[PDB]
file structure.cif (mmCIF, C-alpha atoms and all ligand atoms)
data_data
loop_
_atom_site.group_PDB
_atom_site.id
_atom_site.type_symbol
_atom_site.label_atom_id
_atom_site.label_comp_id
_atom_site.auth_asym_id
_atom_site.auth_seq_id
_atom_site.Cartn_x
_atom_site.Cartn_y
_atom_site.Cartn_z
ATOM 1 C CA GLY E 1 30.912 18.278 33.347
ATOM 2 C CA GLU E 2 29.687 15.823 36.041
ATOM 3 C CA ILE E 3 25.937 16.250 35.166
ATOM 4 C CA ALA E 4 26.651 15.776 31.445
ATOM 5 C CA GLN E 5 28.520 12.540 32.238
ATOM 6 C CA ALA E 6 25.836 11.241 34.642
ATOM 7 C CA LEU E 7 23.108 11.722 32.048
ATOM 8 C CA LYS E 8 25.151 10.128 29.176
ATOM 9 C CA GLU E 9 25.536 6.990 31.369
ATOM 10 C CA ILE E 10 21.759 7.022 32.203
ATOM 11 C CA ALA E 11 20.930 7.391 28.469
ATOM 12 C CA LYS E 12 22.925 4.212 27.773
ATOM 13 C CA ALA E 13 21.206 2.213 30.563
ATOM 14 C CA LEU E 14 17.725 3.222 29.355
ATOM 15 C CA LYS E 15 18.601 2.304 25.717
ATOM 16 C CA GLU E 16 19.528 -1.253 26.916
ATOM 17 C CA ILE E 17 16.239 -1.393 28.878
ATOM 18 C CA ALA E 18 14.371 -0.368 25.656
ATOM 19 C CA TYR E 19 15.980 -3.336 23.961
ATOM 20 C CA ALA E 20 15.226 -5.821 26.784
ATOM 21 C CA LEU E 21 11.536 -4.789 26.826
ATOM 22 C CA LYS E 22 11.263 -5.079 22.967
ATOM 23 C CA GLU E 23 12.568 -8.679 23.266
ATOM 24 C CA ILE E 24 9.983 -9.337 26.049
ATOM 25 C CA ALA E 25 7.203 -7.906 23.834
ATOM 26 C CA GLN E 26 8.135 -10.352 21.110
ATOM 27 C CA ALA E 27 8.462 -13.352 23.434
ATOM 28 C CA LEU E 28 4.986 -12.745 24.883
ATOM 29 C CA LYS E 29 3.306 -12.313 21.460
ATOM 30 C CA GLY E 30 4.398 -15.961 20.802
ATOM 31 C CA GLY M 1 26.743 20.682 23.171
ATOM 32 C CA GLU M 2 27.051 17.906 25.814
ATOM 33 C CA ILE M 3 23.790 18.831 27.707
ATOM 34 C CA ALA M 4 21.779 19.078 24.478
ATOM 35 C CA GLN M 5 23.092 15.639 23.427
ATOM 36 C CA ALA M 6 22.444 14.028 26.847
ATOM 37 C CA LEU M 7 18.842 15.215 26.926
ATOM 38 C CA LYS M 8 18.205 14.248 23.218
ATOM 39 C CA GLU M 9 19.423 10.675 24.022
ATOM 40 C CA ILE M 10 17.054 10.630 27.074
ATOM 41 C CA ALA M 11 14.161 11.757 24.798
ATOM 42 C CA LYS M 12 14.974 8.877 22.381
ATOM 43 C CA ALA M 13 15.282 6.294 25.204
ATOM 44 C CA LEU M 14 11.989 7.316 26.849
ATOM 45 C CA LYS M 15 10.139 7.247 23.454
ATOM 46 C CA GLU M 16 11.325 3.598 22.950
ATOM 47 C CA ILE M 17 10.111 2.811 26.491
ATOM 48 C CA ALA M 18 6.665 4.258 25.619
ATOM 49 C CA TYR M 19 6.615 1.973 22.576
ATOM 50 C CA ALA M 20 7.832 -1.138 24.408
ATOM 51 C CA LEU M 21 5.293 -0.740 27.196
ATOM 52 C CA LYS M 22 2.374 -0.299 24.732
ATOM 53 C CA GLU M 23 3.461 -3.575 22.990
ATOM 54 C CA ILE M 24 3.449 -5.251 26.456
ATOM 55 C CA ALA M 25 -0.071 -3.900 27.150
ATOM 56 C CA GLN M 26 -1.198 -5.417 23.841
ATOM 57 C CA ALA M 27 0.558 -8.767 24.396
ATOM 58 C CA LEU M 28 -0.994 -9.244 27.831
ATOM 59 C CA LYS M 29 -4.530 -8.194 26.683
ATOM 60 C CA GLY M 30 -4.327 -10.607 23.653
ATOM 61 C CA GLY Z 1 16.708 26.292 21.718
ATOM 62 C CA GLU Z 2 18.052 22.677 21.826
ATOM 63 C CA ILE Z 3 17.506 22.381 25.659
ATOM 64 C CA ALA Z 4 13.975 23.786 25.399
ATOM 65 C CA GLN Z 5 13.157 21.220 22.690
ATOM 66 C CA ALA Z 6 14.811 18.327 24.587
ATOM 67 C CA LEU Z 7 12.757 19.037 27.705
ATOM 68 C CA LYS Z 8 9.446 19.319 25.712
ATOM 69 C CA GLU Z 9 10.192 15.821 24.232
ATOM 70 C CA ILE Z 10 10.899 14.448 27.788
ATOM 71 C CA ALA Z 11 7.564 15.913 28.989
ATOM 72 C CA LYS Z 12 5.725 14.213 26.108
ATOM 73 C CA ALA Z 13 7.492 10.863 26.529
ATOM 74 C CA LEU Z 14 6.666 10.683 30.252
ATOM 75 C CA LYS Z 15 2.940 11.371 29.556
ATOM 76 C CA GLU Z 16 2.944 8.283 27.232
ATOM 77 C CA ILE Z 17 4.761 6.246 29.912
ATOM 78 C CA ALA Z 18 2.133 7.237 32.529
ATOM 79 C CA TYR Z 19 -0.601 6.022 30.202
ATOM 80 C CA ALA Z 20 1.120 2.780 29.137
ATOM 81 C CA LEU Z 21 1.629 1.825 32.804
ATOM 82 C CA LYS Z 22 -2.078 2.507 33.605
ATOM 83 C CA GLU Z 23 -2.951 0.001 30.801
ATOM 84 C CA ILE Z 24 -0.516 -2.599 32.306
ATOM 85 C CA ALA Z 25 -1.969 -2.143 35.790
ATOM 86 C CA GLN Z 26 -5.454 -2.669 34.413
ATOM 87 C CA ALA Z 27 -4.513 -5.726 32.332
ATOM 88 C CA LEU Z 28 -3.101 -7.524 35.353
ATOM 89 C CA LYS Z 29 -5.565 -6.489 38.103
ATOM 90 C CA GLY Z 30 -8.876 -6.796 36.151
ATOM 91 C CA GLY U 1 30.255 16.699 47.532
ATOM 92 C CA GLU U 2 26.663 15.391 46.994
ATOM 93 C CA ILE U 3 27.146 15.194 43.140
ATOM 94 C CA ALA U 4 30.557 13.522 43.505
ATOM 95 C CA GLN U 5 28.964 10.872 45.736
ATOM 96 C CA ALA U 6 25.919 10.434 43.452
ATOM 97 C CA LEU U 7 28.160 9.755 40.441
ATOM 98 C CA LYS U 8 30.374 7.235 42.391
ATOM 99 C CA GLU U 9 27.193 5.288 43.370
ATOM 100 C CA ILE U 10 25.787 5.610 39.789
ATOM 101 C CA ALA U 11 28.956 4.171 38.180
ATOM 102 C CA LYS U 12 28.696 1.047 40.369
ATOM 103 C CA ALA U 13 24.944 0.654 39.834
ATOM 104 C CA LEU U 14 25.230 0.984 36.053
ATOM 105 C CA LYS U 15 28.067 -1.607 35.838
ATOM 106 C CA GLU U 16 25.760 -4.128 37.612
ATOM 107 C CA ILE U 17 22.834 -3.153 35.370
ATOM 108 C CA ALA U 18 24.928 -3.511 32.199
ATOM 109 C CA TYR U 19 25.664 -7.067 33.253
ATOM 110 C CA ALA U 20 22.077 -7.909 34.296
ATOM 111 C CA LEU U 21 20.825 -6.798 30.867
ATOM 112 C CA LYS U 22 23.522 -8.869 29.049
ATOM 113 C CA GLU U 23 22.236 -11.943 30.971
ATOM 114 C CA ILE U 24 18.602 -11.026 29.980
ATOM 115 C CA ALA U 25 19.549 -10.613 26.305
ATOM 116 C CA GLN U 26 21.191 -14.024 26.351
ATOM 117 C CA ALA U 27 18.269 -15.727 28.109
ATOM 118 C CA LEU U 28 15.772 -14.503 25.508
ATOM 119 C CA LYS U 29 17.977 -14.963 22.348
ATOM 120 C CA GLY B 1 20.360 19.437 46.365
ATOM 121 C CA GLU B 2 17.423 18.779 43.942
ATOM 122 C CA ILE B 3 19.816 17.310 41.283
ATOM 123 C CA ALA B 4 21.660 15.210 43.872
ATOM 124 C CA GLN B 5 18.319 13.720 44.947
ATOM 125 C CA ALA B 6 17.100 13.227 41.342
ATOM 126 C CA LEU B 7 20.215 11.242 40.447
ATOM 127 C CA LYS B 8 20.067 9.073 43.642
ATOM 128 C CA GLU B 9 16.413 8.198 42.798
ATOM 129 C CA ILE B 10 17.377 7.303 39.163
ATOM 130 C CA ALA B 11 20.139 5.007 40.401
ATOM 131 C CA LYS B 12 17.703 3.198 42.726
ATOM 132 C CA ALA B 13 14.934 2.970 40.080
ATOM 133 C CA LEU B 14 17.283 1.412 37.505
ATOM 134 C CA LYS B 15 18.513 -1.237 40.032
ATOM 135 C CA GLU B 16 14.810 -2.245 40.610
ATOM 136 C CA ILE B 17 14.238 -2.407 36.811
ATOM 137 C CA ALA B 18 17.332 -4.652 36.404
ATOM 138 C CA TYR B 19 15.870 -6.987 39.033
ATOM 139 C CA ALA B 20 12.322 -7.063 37.626
ATOM 140 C CA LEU B 21 13.642 -7.864 34.137
ATOM 141 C CA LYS B 22 15.831 -10.733 35.483
ATOM 142 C CA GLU B 23 12.633 -12.212 37.037
ATOM 143 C CA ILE B 24 10.760 -11.809 33.684
ATOM 144 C CA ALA B 25 13.634 -13.437 31.788
ATOM 145 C CA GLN B 26 13.492 -16.402 34.157
ATOM 146 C CA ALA B 27 9.700 -16.742 33.962
ATOM 147 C CA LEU B 28 9.803 -16.921 30.162
ATOM 148 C CA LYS B 29 12.777 -19.385 30.103
ATOM 149 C CA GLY B 30 10.838 -21.626 32.582
ATOM 150 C CA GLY G 1 15.325 24.222 37.444
ATOM 151 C CA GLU G 2 13.645 22.715 34.309
ATOM 152 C CA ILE G 3 16.343 19.931 34.194
ATOM 153 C CA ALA G 4 15.900 19.252 37.921
ATOM 154 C CA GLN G 5 12.135 18.896 37.358
ATOM 155 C CA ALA G 6 12.592 16.670 34.263
ATOM 156 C CA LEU G 7 14.790 14.260 36.237
ATOM 157 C CA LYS G 8 12.364 14.222 39.279
ATOM 158 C CA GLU G 9 9.542 13.231 36.864
ATOM 159 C CA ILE G 10 11.852 10.514 35.340
ATOM 160 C CA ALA G 11 12.492 9.154 38.861
ATOM 161 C CA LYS G 12 8.712 8.873 39.381
ATOM 162 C CA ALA G 13 8.108 7.216 35.981
ATOM 163 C CA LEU G 14 10.868 4.643 36.522
ATOM 164 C CA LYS G 15 9.578 3.768 40.040
ATOM 165 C CA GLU G 16 6.150 3.011 38.479
ATOM 166 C CA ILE G 17 7.888 0.851 35.823
ATOM 167 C CA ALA G 18 9.558 -1.151 38.622
ATOM 168 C CA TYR G 19 6.102 -1.793 40.070
ATOM 169 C CA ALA G 20 4.493 -2.747 36.737
ATOM 170 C CA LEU G 21 7.289 -5.170 35.849
ATOM 171 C CA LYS G 22 7.248 -6.890 39.288
ATOM 172 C CA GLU G 23 3.454 -7.450 38.793
ATOM 173 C CA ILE G 24 4.237 -9.000 35.353
ATOM 174 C CA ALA G 25 6.863 -11.284 36.972
ATOM 175 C CA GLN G 26 4.233 -12.515 39.411
ATOM 176 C CA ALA G 27 1.502 -12.930 36.766
ATOM 177 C CA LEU G 28 3.737 -15.036 34.508
ATOM 178 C CA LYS G 29 5.008 -17.259 37.424
ATOM 179 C CA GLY G 30 1.337 -18.372 37.782
HETATM 180 N N LIG K 101 21.302 20.888 35.506
#

call {"tool": "encode", "arguments": {"input": "structure.cif", "output": "structure tokens"}}
result
Amino acid sequence: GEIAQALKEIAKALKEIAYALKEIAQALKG
Amino acid sequence: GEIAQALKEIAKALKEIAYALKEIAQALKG
Amino acid sequence: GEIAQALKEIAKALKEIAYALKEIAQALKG
Amino acid sequence: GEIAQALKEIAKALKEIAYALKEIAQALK
Amino acid sequence: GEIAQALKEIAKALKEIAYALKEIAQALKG
Amino acid sequence: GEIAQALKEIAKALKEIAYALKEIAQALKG
């Protein structure tokens, strides 16, 4: 249903954010 | 089903965010 | 059940996020 | 309905966010 | 009504995260 | 009700992340 779909799309967004922040972690460590 | 999967993907995403943010804490503190 | 477990993992994840962000706040302000 | 509207706004938001994060990936890599 | 509000707040939060990470990307490039 | 609460707590967490990351942006612009 609609809630299932909403949350699947949110899951995807947060997984890309995980990735972005892991790249930032590395960049700042030097 | 679909709800179980949605929430399991949110669990995974949020656990990677916990990790990423702790690596940021470390980077910024030295 | 799968939903019960999913929600327990969300609870846990958000407690680690709360903490991580406290550490970030502190790094930057002090 | 309220959920119908929420999801219409969410689709748009997430398409912009997808792109933003693609630009971030590229900047760093 | 509670779920409608939850989802609206997620949408907004993720747009602010997108922005913050664009600013971080730029800082580290420059 | 448990899902509604989970997502309300996610909204809160992600709003605090927005804050943290905007403070990082500023710190690194230095
Ligand atoms: N729900």

call {"tool": "resolve_selection", "arguments": {"input": "structure.cif", "expression": "the PyMOL selection byres ((chain G) within 12 of (chain M))", "output": "list in words"}}
result
residues 2, 3, 6, 7, 9, 10, 13, 14, 16, 17, 20, 21, 23, 24, 27 and 28 of chain G

call {"tool": "calpha_fit_and_write", "arguments": {"input": "structure.cif", "fixed": "chain Z", "moving": "chain M", "output": "PDB file with C-alpha atoms, in the frame of the given file"}}
result
ATOM      1  CA  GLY M   1      15.971  26.382  21.421  1.00  0.00           C
ATOM      2  CA  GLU M   2      17.684  22.955  21.750  1.00  0.00           C
ATOM      3  CA  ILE M   3      17.221  22.675  25.595  1.00  0.00           C
ATOM      4  CA  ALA M   4      13.553  23.694  25.402  1.00  0.00           C
ATOM      5  CA  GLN M   5      12.990  21.058  22.684  1.00  0.00           C
ATOM      6  CA  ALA M   6      14.890  18.303  24.558  1.00  0.00           C
ATOM      7  CA  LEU M   7      12.884  18.830  27.735  1.00  0.00           C
ATOM      8  CA  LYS M   8       9.510  19.093  25.829  1.00  0.00           C
ATOM      9  CA  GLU M   9      10.267  15.689  24.176  1.00  0.00           C
ATOM     10  CA  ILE M  10      11.075  14.252  27.670  1.00  0.00           C
ATOM     11  CA  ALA M  11       7.724  15.630  28.970  1.00  0.00           C
ATOM     12  CA  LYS M  12       5.910  13.900  26.053  1.00  0.00           C
ATOM     13  CA  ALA M  13       7.793  10.591  26.547  1.00  0.00           C
ATOM     14  CA  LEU M  14       7.138  10.481  30.309  1.00  0.00           C
ATOM     15  CA  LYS M  15       3.391  11.287  29.797  1.00  0.00           C
ATOM     16  CA  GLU M  16       3.126   8.251  27.412  1.00  0.00           C
ATOM     17  CA  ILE M  17       4.903   6.134  30.056  1.00  0.00           C
ATOM     18  CA  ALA M  18       2.321   7.249  32.668  1.00  0.00           C
ATOM     19  CA  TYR M  19      -0.408   6.152  30.253  1.00  0.00           C
ATOM     20  CA  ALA M  20       1.207   2.828  29.327  1.00  0.00           C
ATOM     21  CA  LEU M  21       1.784   1.865  32.949  1.00  0.00           C
ATOM     22  CA  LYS M  22      -1.844   2.666  33.938  1.00  0.00           C
ATOM     23  CA  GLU M  23      -3.044   0.381  31.060  1.00  0.00           C
ATOM     24  CA  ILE M  24      -0.719  -2.352  32.454  1.00  0.00           C
ATOM     25  CA  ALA M  25      -2.179  -1.869  35.966  1.00  0.00           C
ATOM     26  CA  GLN M  26      -5.656  -2.326  34.475  1.00  0.00           C
ATOM     27  CA  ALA M  27      -4.709  -5.357  32.347  1.00  0.00           C
ATOM     28  CA  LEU M  28      -3.171  -7.201  35.291  1.00  0.00           C
ATOM     29  CA  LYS M  29      -6.087  -6.375  37.686  1.00  0.00           C
ATOM     30  CA  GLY M  30      -8.670  -7.557  35.044  1.00  0.00           C
TER      31      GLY M  30
END

call {"tool": "atom_distance", "arguments": {"input": "structure.cif", "atom1": "CA of residue 19 (chain U)", "atom2": "CA of residue 4 (chain U)"}}
result
23.5 Å

call {"tool": "atom_distance", "arguments": {"input": "structure.cif", "atom1": "CA of residue 7 (chain U)", "atom2": "atom N of ligand LIG 101 (chain K)"}}
result
14.0 Å

call {"tool": "axis_aligned_box", "arguments": {"input": "structure.cif", "around": "region 1-20 of chain Z", "padding_each_side": "3 Å", "output": "AutoDock Vina command-line options"}}
result
--center_x 8.7 --center_y 14.5 --center_z 27.1 --size_x 24.7 --size_y 29.5 --size_z 16.8

call {"tool": "interface_residues", "arguments": {"input": "structure.cif", "of": "chain U", "to": "chain B", "cutoff": "8 Å", "atoms": "all atoms listed in the file", "output": "ChimeraX atom specification"}}
result
/U:2-3,6,9-10,13-14,17,20-21,23-24,27-28

call {"tool": "build_atoms", "arguments": {"input": "structure.cif", "residues": "region 14-26 of chain M", "atoms": "N, CA, C and O atoms", "output": "short mmCIF file (atom, residue, chain, number, x, y, z; two decimals), in the frame of the given file"}}
result
data_model
loop_
_atom_site.label_atom_id
_atom_site.label_comp_id
_atom_site.auth_asym_id
_atom_site.auth_seq_id
_atom_site.Cartn_x
_atom_site.Cartn_y
_atom_site.Cartn_z
N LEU M 14 13.29 7.32 26.19
CA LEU M 14 11.99 7.32 26.85
C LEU M 14 10.90 7.05 25.79
O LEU M 14 9.85 6.43 26.12
N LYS M 15 11.11 7.49 24.54
CA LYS M 15 10.14 7.25 23.45
C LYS M 15 10.13 5.76 23.13
O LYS M 15 9.07 5.24 22.81
N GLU M 16 11.26 5.07 23.16
CA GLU M 16 11.32 3.60 22.95
C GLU M 16 10.67 2.87 24.12
O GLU M 16 10.05 1.85 23.91
N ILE M 17 10.79 3.40 25.32
CA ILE M 17 10.11 2.81 26.49
C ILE M 17 8.60 2.92 26.34
O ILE M 17 7.93 1.90 26.52
N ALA M 18 8.09 4.09 25.91
CA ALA M 18 6.66 4.26 25.62
C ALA M 18 6.20 3.16 24.66
O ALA M 18 5.18 2.49 24.87
N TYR M 19 6.97 2.96 23.58
CA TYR M 19 6.62 1.97 22.58
C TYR M 19 6.57 0.57 23.17
O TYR M 19 5.59 -0.18 22.98
N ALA M 20 7.66 0.21 23.86
CA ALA M 20 7.83 -1.14 24.41
C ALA M 20 6.67 -1.45 25.34
O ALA M 20 6.10 -2.53 25.33
N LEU M 21 6.32 -0.48 26.19
CA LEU M 21 5.29 -0.74 27.20
C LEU M 21 3.92 -0.89 26.53
O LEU M 21 3.07 -1.68 27.04
N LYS M 22 3.66 -0.13 25.46
CA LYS M 22 2.37 -0.30 24.73
C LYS M 22 2.31 -1.67 24.07
O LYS M 22 1.24 -2.25 24.08
N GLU M 23 3.44 -2.20 23.58
CA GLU M 23 3.46 -3.58 22.99
C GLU M 23 3.23 -4.59 24.09
O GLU M 23 2.55 -5.60 23.79
N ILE M 24 3.71 -4.35 25.31
CA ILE M 24 3.45 -5.25 26.46
C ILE M 24 1.96 -5.23 26.78
O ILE M 24 1.40 -6.28 26.93
N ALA M 25 1.36 -4.04 26.90
CA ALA M 25 -0.07 -3.90 27.15
C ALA M 25 -0.84 -4.79 26.17
O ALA M 25 -1.72 -5.57 26.56
N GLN M 26 -0.52 -4.65 24.87
CA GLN M 26 -1.20 -5.42 23.84
C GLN M 26 -0.99 -6.92 24.03
O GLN M 26 -1.93 -7.70 23.93
#
